[PDB]
Every structure is written in structure tokens, then in C-alpha cells.
């Protein structure tokens, strides 16, 4: 179950996931390499996250590199999944090993809509400096994400 469930999530197979969820499974069980279904979930499949979260999946877990799924969602610009993550109390201000918030990652990557949502509709700490002293806007600036920079200084 734990292995198969993670597999279904990772492959983005909603049909298979829901079938597995008919069993008495622990959605927070880890697979062969210590990751939960939610953590390995193929991004871009918000319903997969929803169904796991509805069953009690812990959204704040971190992997080998101290990254939570919301970090991955923000870095990949996967808004839908990021939003469903938050509607289930995921911590918007969770930090990676370098002090980065999901905001920093979305900003660094230039995902304007993810940043906009985070800045305008979440408790994201816009002024948060990572361990090297850089804010999300600083990183957007460093990576030449001009529109993200404009948007961020426009509202924060």
C-alpha cells in the first residue's frame, strides 16, 4: 500500500491512487526510499494532492534536502497543487536548508503567478532573508526575473 500508493502518486495515476485509497492505508507511509506519496506526487496533479490531504497526509514533511512538497510546487510553478496544499494548512513559510521560502523558489524561477498568489493571498514573509541574506525579490533580481521584481515591489 505505502509503496504502491507512492507509485500511483508519482506517476500521476489518479485512478490507481483512488483504488488504493479504498484500502485501509496510511497515506503518510514512506516508500522504499523514505518519501511519502504526497512528497513524490507528480506535480500538475492537484487532485492527487487533494485526495492524499483529505486522508490526513502531512504536507510539511521534508526530504533528503529539507524540501517540502510546497517548495517543489513553487519551484515548478505548479500553482494548482500549491493552492490545494495551502487549503489543507500547509506552512507557506516552511524553509529549505538554505533559509529559502517557497516564495524565494518561485521568484528565483520567474513564476510570476505563483509569486503573485503568494504575495497577495498568503502569509508568506516577503521580507524573509535566506541564510546568505537574500530576500525572494533579491533572488528574482539576481536571476533577471524583471517582471517578478516589478510585481513584488509593487505590493510589498
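Numbering follows the first chain given and starts at 1.
Here the stretch with the larger average CA B-factor, out of 116-124 and 96-104, is 116-124.
Comparing 20-28 with 133-141, the stretch with the higher mean C-alpha B-factor in the PDB entry is 20-28. Between the residues 37, 53, 61, 70, the entry's highest C-alpha temperature factor is the one at 61. Ranked by C-alpha B-factor against the other modelled residues of its chain, residue 109 falls in the lowest third.
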